[PDB]
Amino acid sequence: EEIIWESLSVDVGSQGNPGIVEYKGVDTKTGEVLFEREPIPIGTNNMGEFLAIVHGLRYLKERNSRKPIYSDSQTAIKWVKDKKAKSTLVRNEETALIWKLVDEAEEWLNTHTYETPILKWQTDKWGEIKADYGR
RNA sequence: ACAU
DNA sequence: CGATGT
Ligand SMILES: [K+]
Ligand SMILES: [Mg+2]
Ligand SMILES: [Mg+2]
């Protein structure tokens, strides 16, 4: 119904899918960029969406913030809920970096607690998520 | 179908 | 048009 403006919004950007993957988190209210991941040479959209949420959880926990996180990714929200990224991406030498980050993100979820609500950004009603890359 |  | 996902 209503946007929760006191929140963190995250999104992935890519060049190809699979392809180069980056992600960022922004203050939903102001669009201030709060974190940005250095581009990862090969990954999928959904792996990047997943990493962005987990990074947001870690960012907010470190700062003792109870803000929710918005993502537009039905897939990544479910993977975080399950603590399991069910990616189809081949595990080989060229995908080793993204898979290391995904494995490490799952490991973090399995060793830490959080109450952060992870909310679906309703693109159809509200337009593009504030963390979008514009492409 | 829906979400990217 | 193609790909990633539930
Ligand atoms: K974009
Ligand atoms: Mg997105
Ligand atoms: Mg986007």
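Quick note: numbers below take in every heavy atom, side chains included, and nothing from hydrogens, waters or symmetry partners. In what follows, every chain begins at residue 1, and chains take the letters A, B, ... in the order their sequences are listed.
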Tell me whether A/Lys120 is salt-bridged to A/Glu49, with the criterion being a basic N under 4.0 Å from an acidic carboxylate O.
no
Give one of base, sugar-phosphate or nothing for A/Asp72, where a contact means two heavy atoms less than 4.0 Å apart.
sugar-phosphate
Between C/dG5, C/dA3, C/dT6, spot the one nearest the side chain of A/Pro18, thanks.
C/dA3
What integer distance in Å separates A/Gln122:CD from B/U4:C1'?
15 Å
Near-strand residues of residues 124-135 of chain A, defined as heavy-atom separation under 4.0 angstrom from DNA chain C:
none
What nucleotide among C/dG2, B/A3, C/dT6 has an atom nearest to a side-chain atom of A/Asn17?
C/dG2
If you measure from the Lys or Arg side-chain nitrogens to the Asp or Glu carboxylate oxygens, is any gap between A/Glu62 and A/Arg58 under 4.0 Å?
no
Using a cut-off of strictly less than 4.0 Å, decide whether A/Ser73 has a side-chain nitrogen or oxygen near OP1 or OP2 of C/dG5.
no
Reckon A/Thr123 has a side-chain N or O less than 4.0 Å from the OP1 or OP2 of B/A3?
no
A/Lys61 side chain to A/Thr113 backbone, donor-acceptor under 3.5 Å
yes
Would one find a side-chain N or O of A/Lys86 under 4.0 angstrom from OP1 or OP2 of C/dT6?
yes
A/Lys84 with A/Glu106: basic N within carboxylate O range, under 4.0 Å
yes
OP1 or OP2 of B/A3 under 4.0 Å from side-chain N/O of A/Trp121:
no
Which heavy atom of A/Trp121 sits nearest to which heavy atom of A/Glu128, and what is that distance?
NE1-C, 3.7 Å
Rounding to a whole Å, what distance do you find between A/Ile98:CD1 and C/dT4:P?
14 Å
Any cation-pi pair here, A/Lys24 with A/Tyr133, using under 6.0 Å and within 45°?
yes
Please report, rounded to the nearest Å, how far the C1' atom of C/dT6 is from the CD atom of A/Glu49.
14 Å
Value in whole Å for how far the P atom of B/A3 lies from CD1 of A/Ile77:
12 Å
Quick check: do A/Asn45 and A/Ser14 have side-chain heavy atoms less than 4.5 Å from each other?
no
Nucleotide B/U4, atom P - distance to CE of A/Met47 in whole Å:
20 Å
Kindly indicate whether the side chain of A/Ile69, heavy atoms from C-beta on, has any atom under 4.5 Å from the side chain of A/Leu60.
yes
Hey, can you pull the residues of residues 21-46 of chain A with a non-hydrogen atom under 4.0 angstrom from DNA chain C?
A/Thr44, A/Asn45, A/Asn46
Taken to the nearest whole Å, NZ/A/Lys78 to P/B/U4 is 17 Å
Between A/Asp103 and A/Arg91, does at least one N-O distance fall below 4.0 Å, as a salt bridge requires?
yes
